[PDB]
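No Cβ is skipped: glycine too gets one built from the backbone with ideal geometry, and neighbour counts run over all protein chains shown. What follows draws every value from the coordinates through simple rules; no lab data is involved.
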Amino acid sequence: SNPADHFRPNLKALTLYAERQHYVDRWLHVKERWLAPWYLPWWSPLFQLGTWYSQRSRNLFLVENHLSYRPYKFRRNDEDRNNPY
Amino acid sequence: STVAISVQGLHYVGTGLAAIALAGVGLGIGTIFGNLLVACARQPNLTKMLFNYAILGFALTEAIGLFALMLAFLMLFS
Amino acid sequence: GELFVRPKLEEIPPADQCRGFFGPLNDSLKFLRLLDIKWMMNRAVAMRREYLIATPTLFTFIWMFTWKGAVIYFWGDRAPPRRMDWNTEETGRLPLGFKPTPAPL
Amino acid sequence: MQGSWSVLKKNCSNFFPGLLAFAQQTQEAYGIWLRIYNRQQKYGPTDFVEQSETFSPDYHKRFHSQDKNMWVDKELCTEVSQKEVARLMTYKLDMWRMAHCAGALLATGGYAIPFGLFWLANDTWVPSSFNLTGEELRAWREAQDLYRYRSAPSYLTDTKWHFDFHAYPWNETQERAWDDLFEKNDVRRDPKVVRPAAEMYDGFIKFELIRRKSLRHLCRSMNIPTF
Amino acid sequence: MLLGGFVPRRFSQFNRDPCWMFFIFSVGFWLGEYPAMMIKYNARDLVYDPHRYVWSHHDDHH
Amino acid sequence: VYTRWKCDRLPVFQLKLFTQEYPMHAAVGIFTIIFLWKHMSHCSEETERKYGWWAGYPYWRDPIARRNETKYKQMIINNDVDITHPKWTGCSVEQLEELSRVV
Amino acid sequence: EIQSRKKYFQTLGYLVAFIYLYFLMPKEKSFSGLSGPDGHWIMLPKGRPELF
Amino acid sequence: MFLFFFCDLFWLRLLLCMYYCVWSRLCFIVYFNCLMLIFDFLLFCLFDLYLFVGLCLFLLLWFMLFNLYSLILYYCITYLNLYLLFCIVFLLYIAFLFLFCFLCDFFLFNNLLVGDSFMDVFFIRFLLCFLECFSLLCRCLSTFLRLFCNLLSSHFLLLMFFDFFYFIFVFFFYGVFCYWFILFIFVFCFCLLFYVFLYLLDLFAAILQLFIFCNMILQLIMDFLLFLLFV
Amino acid sequence: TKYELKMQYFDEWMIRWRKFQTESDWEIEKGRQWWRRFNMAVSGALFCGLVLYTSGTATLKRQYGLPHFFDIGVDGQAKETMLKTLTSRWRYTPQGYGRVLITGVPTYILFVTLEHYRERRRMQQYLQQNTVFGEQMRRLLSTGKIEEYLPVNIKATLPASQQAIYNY
Amino acid sequence: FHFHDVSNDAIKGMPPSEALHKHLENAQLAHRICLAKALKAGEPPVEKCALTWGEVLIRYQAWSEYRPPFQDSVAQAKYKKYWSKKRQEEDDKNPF
Amino acid sequence: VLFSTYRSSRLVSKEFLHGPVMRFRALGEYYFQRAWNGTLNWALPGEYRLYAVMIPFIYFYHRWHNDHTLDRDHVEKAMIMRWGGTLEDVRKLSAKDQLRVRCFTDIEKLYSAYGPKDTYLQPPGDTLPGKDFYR
Ligand SMILES: CCCCCCCCCCCCCCCCCC(=O)OC[C@H](COP(=O)([O-])OCC(O)COP(=O)([O-])OC[C@@H](COC(=O)CCCCCCCCCCCCCCCCC)OC(=O)CCCCCCCCCCCCCCCCC)OC(=O)CCCCCCCCCCCCCCCCC
Ligand SMILES: CCCCCCCCCCCCCCCCCC(=O)OC[C@H](COP(=O)([O-])OCC(O)COP(=O)([O-])OC[C@@H](COC(=O)CCCCCCCCCCCCCCCCC)OC(=O)CCCCCCCCCCCCCCCCC)OC(=O)CCCCCCCCCCCCCCCCC
Ligand SMILES: CCCCCCCCCCCCCCCCCC(=O)OC[C@H](COP(=O)([O-])OCC(O)COP(=O)([O-])OC[C@@H](COC(=O)CCCCCCCCCCCCCCCCC)OC(=O)CCCCCCCCCCCCCCCCC)OC(=O)CCCCCCCCCCCCCCCCC
Ligand SMILES: CCCCCCCCCCCCCCCCCC(=O)OC[C@H](COP(=O)([O-])OCC(O)COP(=O)([O-])OC[C@@H](COC(=O)CCCCCCCCCCCCCCCCC)OC(=O)CCCCCCCCCCCCCCCCC)OC(=O)CCCCCCCCCCCCCCCCC
Ligand SMILES: CCCCCCCCCCCCCCCCCC(=O)OC[C@H](COP(=O)([O-])OCC(O)COP(=O)([O-])OC[C@@H](COC(=O)CCCCCCCCCCCCCCCCC)OC(=O)CCCCCCCCCCCCCCCCC)OC(=O)CCCCCCCCCCCCCCCCC
Ligand SMILES: CCCCCCCCCCCCCCCCCC(=O)OC[C@H](COP(=O)([O-])OCC[N+](C)(C)C)OC(=O)CCCCCCCCCCCCCCCCC
Ligand SMILES: CCCCCCCCCCCCCCCCCC(=O)OC[C@H](COP(=O)([O-])OCC[N+](C)(C)C)OC(=O)CCCCCCCCCCCCCCCCC
């Protein structure tokens, strides 16, 4: 135990936390702001690169019909194997 | 009945078993050098070259022991 | 290892000489060549087109080692439980007396 | 050459006249190319017309073969004059650079405008039609020559180093040819002395086996856009 | 690569080069910190913490 | 004579190095970075308590609770959230007042 | 000349960084709470009542 | 979660800036074989077979600045994590593999089908091809595992032995003044011998492990190289 | 019109509030998936056709000539038929950048156009829905902002065993 | 008022939807109790009821994300394929 | 046109900070630019004195950091847990008492796996406080 503790980074300075929802929403707002202007047509490769893959992935998530339960990604406690909630 | 039992000392046993792996590794290394001598007395002009290969062999063979040793530590420190 | 030279048209043995799982699929059995995987493998080896056997394998491994492995691990569907929580199909519908907003026009 | 404000003003002033001239040159060059292409398809060898495949011996990758995929039309003077061929070559260079710029515009929509400002500030990648006077044309040619100077030595060094590191000439005459091929321009090279290097290198790397990095250096030296 | 440089023949020569002067100072620190620990941690008046059984790292990591 | 390493400035050489010398390696690295930040950028509170602190989690002050309290206070104050709304409490305001008078 | 000046400035900057890191910078998440930050949340929404 | 931390190389970066503002020749390289792939003259390769030299040199420098200096007490190997090493090896190995695959030459994989036409294709050759395709990925995994395990085991052993030496030196040196002084002197001499032996072993093993780390990558590259003969 | 910028917020919200996904919305998404696959298939077919048409004559002769892998007889007949059909008339056979453009630009345009108009179709479908998702879509297009916790505000239907929270 | 039992033993034989809803209800009950105490004391609610509100928020996020699978042809086929009679008998036999 | 891509576009004069730069280069070059200073992959020099100087310095600053920043956390945790479970409780002690406690922690560190186990295992019948003393 004590010997194992010697293999840690020794210059940790600061830790910041952010919810996935929050920064995903902020990123989407940035993307909408930069892809909104008229001088970037929807058929341009840049616009499709920005939008199509995200749309496809979100559609795949929505279509999902799984017989098992996937525990919430951001639970308070994910260390207990016998408690998915 | 249904009991969730947690024994603590078992992590020693497993650890010891992992060390048995070294019994091969060690032996294997010896074999290499054994042949090395029989190869240096059979063509000494290549000694240096042979030595290099032996070292390569040692480094590959030793690697395996480390794997086992890692497991021991994992179980010995958990 | 060494350079590979494709065989000439005259150096390629005839299809009738190839063997399947049990035996050659000669006349009256030619259409079974499509279904016999071993016959196709032997034919590919005979024609020096061994890549048809090797390329799909390696790529598949890569595809598993790179992209599908993690997808199955993180997003795959585990085995269903014994007592299953089916959907009653009651959720989502708007309540009685609700006045939905008009659609764009 | 580096970008400058004077060149930016020059190219912004002559932007639309340059585009109109480029369009006229495009029509003329299409006519010339149509004549040449019809003649090639009609009187060309079977391998040249059918685009015979030549694969490398190591990785079996197709590339143009100098013997089979290139054909000199000895009787082209009847249909097309020398000046027309020169016009077509110049237009091909201008059209390549314009095509790359247009592709960037279509790809990035309106976000290419600042990059267009960087583009018009330098004569390296603008068409020759943007110059409406002798002095402007001279400066444009100076920019092209500067790019050639920048790119050529890398190509020459790549070729020479790879050969010298992995092979040597067979005989003394080949040795002299190879050594004299890569002399600086301040001395005059005798073509008769240097010619055997062509066969010596044909033994090493034909045009069909040219590597991608060497090709990039060559296209840089030829003022051909590479991105 | 250990190719060359000043190499003192004996202890008395460590003072013939500033770098080896710093080295011998550091060696003095290294070797002299052990006697200090012997004196400090084997002292007569050193007393174990009365509350040493209140908490230990062993129960924490377990 | 012109060389990329000697004549170009550092950002330009960086772009050239990772675009015309090692483009595949850069692509794979970016792929791996995206994967790491998509699947290995989360830590639960229990995980932090078990492993997130050098000497161990100081339960005697519970800094995680204070951090969350600051977070939620900031969100409520900035977003003008009415935490007494029935959806948060599961009961009407009048029932809440009745409960307050009871307890 | 250029590299000498650049490396001189880089050396000074690295020296300052080294001193701060190994002699002034506190380690985060201290047990006692006397030194270093315990972490905090960022990118929280602001002025979005409809979000809740 | 975003953790802000720093590597343990800042002093070494300072020394690099101080000592390499001026040019110096390099004549000793841990993995020299990346520079000499071809040994028979008149053989040449159209593939960019020297592309690995720069990455090899930088990787050697980085791993040496970390691993070799880690023998100094309290020096930290900042990157010592299993999955981080997996990421590094994944980058290098998969990048070169994708370089060979993007070539779109399927004949390059003909050698994967092991054996000759005499061997049964489905029951022998195809199973050997399966095993070889598996072995490529296993080589990647073994490379990164071998690099991680060596460092971890060596440093665990060093820490434990140092702890034992501190214990006996501090709490049993008084025996020098006692009648059992000979036992303590024997033990102390044994500990000094063990100290020197461990340090020498670690110094050799670090360099050798870097050599093998680069050798695995170069072996991946060499397995798919084809050489033409000048005529 | 750029529907993706509007629809990304809606899709993220639906994922966050997927509990209230009726079977109708699920069918809508499945139809979107099916149409995406169909668009991929047709675009790939167009790309293959353009590649085949622009292929060199020698390339076609090698590809659709002897030997025959199976040698059944139908294989040879089909290969000869295709080879004759392609080599009968004159074909523009560009190389390099030109073949890239000819083969790719039509494919990209077709795929992008089909996908964009299917996105518009999905937006209309969700507009016509009589579920909470449809109401959210209408509110999004009206006010321009996604109203989270809408299902619990307007008291969207819940299973009989989970209506206690609405009991106020 | 009464808190639901969401212990591991109770949770083991429960559907995911029921467990999530019970957790949400427990969070709401705790939040309303804390708010009632704050109102009785007269102090502001935000200065006392922030953590309980956050717990309600996180339970809402976990509760709204889960959509029980629809019972259709493919889902029923998968369930019947995995849960054969042999597997059901084996599950019954196992005491764990 | 805005920024040059060439390193030749100078931003300062050739003589800017010439003196300090020359002193810095003199410091760098005196010991390193020598025939016997042949490095192994730029990391291990041939000059002995570089080792003799840099190994002690690296150890010294690493040890200072470890003693004053890293191990201090464990020491403070032991003090807090064994003497009240709160910082104020520890501060209620005098500096001498804290010194005694910290030195006992050092003792435990030096024993580690080889010292007596009665430093943390309470023998039966011992009269000293147990784990439930403050609970
Ligand atoms: C609106 C939607 C947009 C979609 C998104 C697009 C995104 C941008 C990508 C680029 C798009 C093209 C940009 C315009 C290029 C200009 C036109 C052109 O081809 O120039 C000829 C020229 C030909 O080059 P080459 O090397 O000589 O060709 C060798 C051939 O053997 C040459 O053959 P040859 O030797 O026999 O000689 C023939 C020559 C003989 O002719 C002549 O000599 C006369 C001159 C003719 C050409 C003139 C070009 C002028 C260019 C400048 C235009 C003015 C710009 C003004 C700018 C300022 C404006 C204010 O004539 C030709 O050049 C013909 C070439 C073949 C035609 C290519 C066009 C095909 C696409 C168009 C049809 C699409 C239909 C859609 C249907 C939809 C169905 C569903 O093109 C180029 O220089 C190549 C483009 C360079 C940039 C490449 C960038 C990467 C491309 C990747 C594309 C991948 C697929 C798409 C998806 C991308 C996703 C990532
Ligand atoms: C109206 C006009 C007419 C209509 C339009 C017509 C069409 C126009 C478009 C087409 C034009 C084409 C021709 C263009 C030629 C010029 C190109 C060029 O740039 O030349 C260099 C050009 C100068 O050219 P030059 O002086 O003429 O020299 C040319 C020589 O021949 C030297 O030549 P060279 O060959 O040596 O130079 C080449 C160099 C060109 O590059 C450069 O020179 C670099 C330029 C940037 C340098 C920046 C340095 C300064 C950095 C400052 C940082 C910030 C400082 C602090 C600021 C504080 C502010 C408060 O290297 C490259 O070519 C590298 C290419 C790399 C390609 C990267 C591809 C990535 C692909 C990704 C992977 C994908 C894989 C597939 C995945 C598939 C997955 C499915 O550079 C500049 O002028 C530098 C400008 C710097 C601007 C300020 C710094 C950035 C400001 C950013 C503001 C952001 C605001 C928003 C922020 C929002 C935050 C939320
Ligand atoms: C809220 C609290 C504040 C924090 C906010 C943070 C916001 C975060 C947003 C969200 C981000 C999420 C993702 C995070 C992922 C992190 C991953 C990570 O850490 O990986 C480990 C990894 C460790 O890398 P490494 O191996 O240690 O090497 C990186 C080192 O920087 C060394 O590498 P290198 O040496 O190769 O680097 C090149 C180096 C080459 O060498 C040098 O240039 C030497 C200097 C080195 C400086 C950098 C090292 C820093 C050392 C520690 C700090 C130094 C002391 C600071 C004192 C602070 C006092 C409070 O050159 C530079 O560093 C260029 C900058 C030079 C600046 C010089 C300034 C001179 C000013 C002179 C003024 C004079 C005024 C006179 C007025 C007179 C009036 C009369 O970190 C990174 O790779 C970088 C991560 C950065 C991610 C982006 C973060 C966003 C930007 C935040 C900027 C905040 C600015 C505001 C702060 C204000 C004070 C509170
Ligand atoms: C050149 C490169 C070389 C170097 C390689 C270097 C790398 C190593 C190689 C290995 C790869 C390493 C991995 C690196 C990471 C790359 C990314 C990655 O892995 O992403 C996977 C990732 C996996 O998806 P995911 O994110 O995990 O999500 C899973 C969901 O399934 C996603 O759902 P979704 O909504 O996105 O839809 C996906 C859909 C994708 O598929 C579709 O959307 C529909 C089909 C698309 C067809 C595309 C065109 C094909 C050609 C059309 C026809 C041409 C000829 C026309 C003329 C004919 C004349 C007669 O797939 C499915 O869902 C499966 C549907 C299967 C239906 C089967 C129905 C039964 C009947 C048909 C089969 C049985 C027939 C028996 C016949 C028996 C006869 C006796 O993405 C995908 O695979 C899907 C999106 C991309 C689709 C691209 C479609 C084109 C593919 C290329 C085709 C042509 C080249 C291959 C042949 C070459 C021959 C020379
Ligand atoms: C923001 C936009 C994002 C875009 C995303 C899309 C990707 C990027 C787009 C394009 C980017 C620009 C650059 C592309 C590469 C340029 C390559 C190049 O320089 O070629 C020059 C070359 C010109 O030189 P050339 O001398 O005229 O001819 C070449 C020589 O023959 C050469 O002679 P050779 O001796 O080298 O001969 C060998 C040659 C022979 O080939 C050729 O050169 C012929 C042309 C290619 C034919 C490919 C079709 C083969 C047959 C497919 C059959 C599929 C059946 C499936 C049925 C399914 C039924 C259920 O190569 C091969 O043999 C390679 C065959 C391909 C093997 C593919 C293996 C894939 C393995 C898949 C692994 C697993 C994947 C994941 C799992 C998926 C499933 C779950 O160009 C071409 O030949 C054609 C270029 C076409 C460029 C791509 C056009 C892109 C259109 C995009 C449409 C979709 C957009 C989607 C957007 C989404 C929203 C944003
Ligand atoms: C190419 C091969 C190189 C081989 C070099 C061999 C060096 C031989 C060193 C001999 C002994 C040196 C003793 C130093 C004592 C310092 C003071 C001290 O107290 O230290 C005690 C420390 C630790 O001793 P300790 O463990 O007894 O400390 C006790 C402290 N308590 C009780 C608190 C725990 O000594 C060391 O750690 C020295 C180990 C050196 C191992 C060799 C490292 C080589 C790799 C780094 C090379 C750096 C070169 C840089 C050059 C510039 C690069 C650009
Ligand atoms: C305590 C637990 C310990 C567990 C330890 C487990 C091991 C962890 C090891 C971590 C370190 C090593 C990581 C090595 C790298 C692994 C890579 C990997 O598997 O990542 C896969 C993952 C898969 O991504 P994904 O997980 O988002 O997959 C999406 C699939 N659905 C939507 C169905 C859920 O890749 C990524 O994360 C990167 C994705 C973005 C970059 C690629 C985009 C292009 C995709 C092309 C195909 C599809 C689009 C169509 C074509 C293009 C059109 C423009």
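Scanning region I:121-168 for residues that are within 14 Å of chain F (Cβ to nearest Cβ) and among the aromatic types (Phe, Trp, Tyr) turns up I:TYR149, I:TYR166, I:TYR168. When C:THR66 is tested against the conditions (1) surrounded by 14 or more Cβ atoms within 10 Å (Cβ to Cβ); (2) of a type outside the set (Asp, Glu); (3) assigned to a loop (DSSP other than H, G, I, E, B), the lone failure is (3).
To keep it simple, each residue is scored yes or no on (1) closer than 30 Å to I:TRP26 by Cβ; (2) surrounded by fewer than 21 Cβ atoms within 10 Å (Cβ to Cβ); (3) among the basic types (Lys, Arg).
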| position | (1), (2), (3) |
| --- | --- |
| J:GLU18 | yes, yes, no |
| J:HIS31 | no, no, no |
| J:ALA36 | no, no, no |
| J:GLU47 | no, yes, no |
| J:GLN61 | yes, yes, no |
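Might you let me know whether region A:66-83 holds any residue that is within 14 Å of chain D (Cβ to nearest Cβ) and either away from ligand 3 (no atom under 16 Å from the Cβ) or assigned to a loop (DSSP other than H, G, I, E, B) (or both)? No: region A:66-83 contains no residue that is within 14 Å of chain D (Cβ to nearest Cβ) and either away from ligand 3 (no atom under 16 Å from the Cβ) or assigned to a loop (DSSP other than H, G, I, E, B) (or both).
Residues in region H:1-49 that are within 14 Å of chain D (Cβ to nearest Cβ) and surrounded by 16 or more Cβ atoms within 10 Å (Cβ to Cβ): H:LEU37, H:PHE44, H:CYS45, H:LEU46, H:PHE47, H:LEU49.
Might you check whether a residue that is touching a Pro at 6+ places or on another chain (Cβ under 9 Å) and either outside any loop (DSSP other than H, G, I, E, B) or more than 10 Å from chain H (Cβ to nearest Cβ) (or both) occurs anywhere in region G:8-19? The answer is yes, given that some residue of region G:8-19 is touching a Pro at 6+ places or on another chain (Cβ under 9 Å) and either outside any loop (DSSP other than H, G, I, E, B) or more than 10 Å from chain H (Cβ to nearest Cβ) (or both).
Can you tell me which residue in region A:5-19 is surrounded by the fewest Cβ atoms within 10 Å (Cβ to Cβ), limited to those that are within 13 Å of ligand 3 (Cβ to nearest atom) and more than 7 Å from chain G (Cβ to nearest Cβ)? So the residue we want is A:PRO9. Any idea which of H:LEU65, H:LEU108, H:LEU113 is away from ligand 2 (no atom under 16 Å from the Cβ), under 27 Å from the mean Cα position of the chain (by Cα) and not basic (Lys, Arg)? Only one candidate qualifies: H:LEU65. Quick one: in region G:11-52, of everything that is surrounded by 15 or more Cβ atoms within 10 Å (Cβ to Cβ) and among the aromatic types (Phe, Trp, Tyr), which residue is nearest to I:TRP13 (Cα to Cα)? Checking each candidate, the answer is G:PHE52. Here H:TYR174 fulfils each of the conditions (1) in contact (Cβ under 8 Å) with a residue 12 or more places away in the chain; (2) farther than 26 Å from H:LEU71 by Cα apart from (1). Exactly one residue out of D:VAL85, D:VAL80, D:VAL72, D:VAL126 is within 17 Å of the chain's Cα centre (by Cα), assigned to a loop (DSSP other than H, G, I, E, B) and not small (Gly, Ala, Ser), and it is D:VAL126. Just wondering, is there one or more residues in region I:55-67 that are more than 16 Å from ligand 3 (Cβ to nearest atom), basic (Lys, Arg) and surrounded by 15 or more Cβ atoms within 10 Å (Cβ to Cβ)? Yes, region I:55-67 contains at least one residue that is more than 16 Å from ligand 3 (Cβ to nearest atom), basic (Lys, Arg) and surrounded by 15 or more Cβ atoms within 10 Å (Cβ to Cβ). Residues that are closer than 22 Å to K:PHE32 by Cβ and under 13 Å from the mean Cα position of the chain (by Cα) within region E:1-33 comprise just one, E:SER26. Only a single criterion out of (1) part of a helix (DSSP H, G or I); (2) away from ligand 3 (no atom under 16 Å from the Cβ) is not satisfied by A:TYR23, namely (2).
Got a sec? Which of A:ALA13, A:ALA18 is out of contact with any helix residue (DSSP H, G or I) (no Cβ under 7 Å at 6 or more places or on another chain), away from ligand 7 (no atom under 16 Å from the Cβ) and over 22 Å from I:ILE15 (Cβ atoms)?
Numbers: A:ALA18 fails: over 22 Å from I:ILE15 (Cβ atoms).
From the options A:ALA13, A:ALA18, the qualifying one is A:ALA13.
Select, from J:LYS40, J:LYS78, the only residue that is within 14 Å of chain F (Cβ to nearest Cβ), surrounded by fewer than 19 Cβ atoms within 10 Å (Cβ to Cβ) and of a type in the set (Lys, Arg).
Just a single option satisfies the conditions, and that option is J:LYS40.
Flag: G:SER4 does not match the condition of being surrounded by 15 or more Cβ atoms within 10 Å (Cβ to Cβ), touching a helix residue (DSSP H, G or I) at 6+ places or on another chain (Cβ under 7 Å) and either touching a residue at least 40 places away in the same chain (Cβ under 8 Å) or away from chain H (no Cβ under 14 Å) (or both).
The set of residues in region C:84-100 that are more than 12 Å from chain A (Cβ to nearest Cβ) and within 19 Å of J:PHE70 (Cβ to Cβ) comprises C:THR88, C:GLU89, C:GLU90, C:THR91, C:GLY92, C:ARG93.
Conditions (1) over 22 Å from the mean Cα position of the chain (by Cα); (2) within 16 Å of ligand 4 (Cβ to nearest atom), marked per residue:
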site: D:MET1; (1), (2): no, no
site: D:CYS12; (1), (2): yes, no
site: D:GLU28; (1), (2): no, no
site: D:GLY31; (1), (2): no, no
site: D:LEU34; (1), (2): no, no
site: D:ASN38; (1), (2): yes, no
site: D:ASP47; (1), (2): yes, no
site: D:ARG62; (1), (2): no, yes
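Set side by side, the residues I:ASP11, I:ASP25 differ, and just one is free of Cβ contacts under 8 Å to residues at least 24 places away in the same chain and under 30 Å from A:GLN21 (Cβ atoms), which is I:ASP11.
Of the residues A:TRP38, A:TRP42, A:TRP52, only one is exposed (fewer than 13 other Cβ atoms within 10 Å of the Cβ) and either aliphatic (A, V, I, L, M) or under 20 Å from D:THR108 (Cα atoms) (or both); which? First the steps, then the outcome.
Details: A:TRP42 fails: exposed (fewer than 13 other Cβ atoms within 10 Å of the Cβ); A:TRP52 fails: exposed (fewer than 13 other Cβ atoms within 10 Å of the Cβ).
The match here is A:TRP38.
In this structure, is H:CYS214 part of a helix (DSSP H, G or I) and buried (at least 17 other Cβ atoms within 10 Å of the Cβ)?
yes
Taken over region H:50-88, residues that are within 11 Å of chain K (Cβ to nearest Cβ), within 20 Å of F:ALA27 (Cα to Cα) and of a type in the set (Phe, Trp, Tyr) amount to 1.
Considering only region J:35-59, state which residues are within 16 Å of F:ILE76 (Cα to Cα) and not aliphatic (A, V, I, L, M).
Applying the first criterion (within 16 Å of F:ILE76 (Cα to Cα)) to region J:35-59 yields J:35, J:44-58.
Result: J:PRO44, J:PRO45, J:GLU47, J:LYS48, J:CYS49, J:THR52, J:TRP53, J:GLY54, J:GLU55.
Mind checking whether some residue in region I:96-114 is surrounded by 15 or more Cβ atoms within 10 Å (Cβ to Cβ) and either acidic (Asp, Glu) or facing chain C (nearest Cβ under 10 Å) (or both)? Checked against the condition, which is being surrounded by 15 or more Cβ atoms within 10 Å (Cβ to Cβ) and either acidic (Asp, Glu) or facing chain C (nearest Cβ under 10 Å) (or both), region I:96-114 yields no hits at all.
Where residues in region F:55-76 are more than 7 Å from chain J (Cβ to nearest Cβ) and not in a loop (DSSP other than H, G, I, E, B), which of them is nearest to G:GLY47 (Cα to Cα)? Before the answer, list the steps.
So the first thing to find is which residues in region F:55-76 are more than 7 Å from chain J (Cβ to nearest Cβ), and the list is F:55-64, F:66-67, F:70-71, F:74-75.
Remaining after also requiring not in a loop (DSSP other than H, G, I, E, B): F:63-64, F:66-67, F:70-71, F:74-75.
On the way: F:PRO63: 27, F:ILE64: 25, F:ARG66: 23, F:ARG67: 21, F:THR70: 17, F:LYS71: 15, F:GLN74: 11, F:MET75: 9 Å.
In this case the residue turns out to be F:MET75.
Within region A:25-35, if we keep just the residues that are more than 7 Å from every other protein chain (Cβ to nearest Cβ) and surrounded by fewer than 15 Cβ atoms within 10 Å (Cβ to Cβ), the residue that is nearest to ligand 1 (Cβ to nearest atom) turns out to be A:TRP34.
The condition of being surrounded by 12 or more Cβ atoms within 10 Å (Cβ to Cβ), more than 16 Å from ligand 7 (Cβ to nearest atom) and away from chain K (no Cβ under 14 Å) holds for only one of D:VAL7, D:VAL72, D:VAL49, that being D:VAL49.
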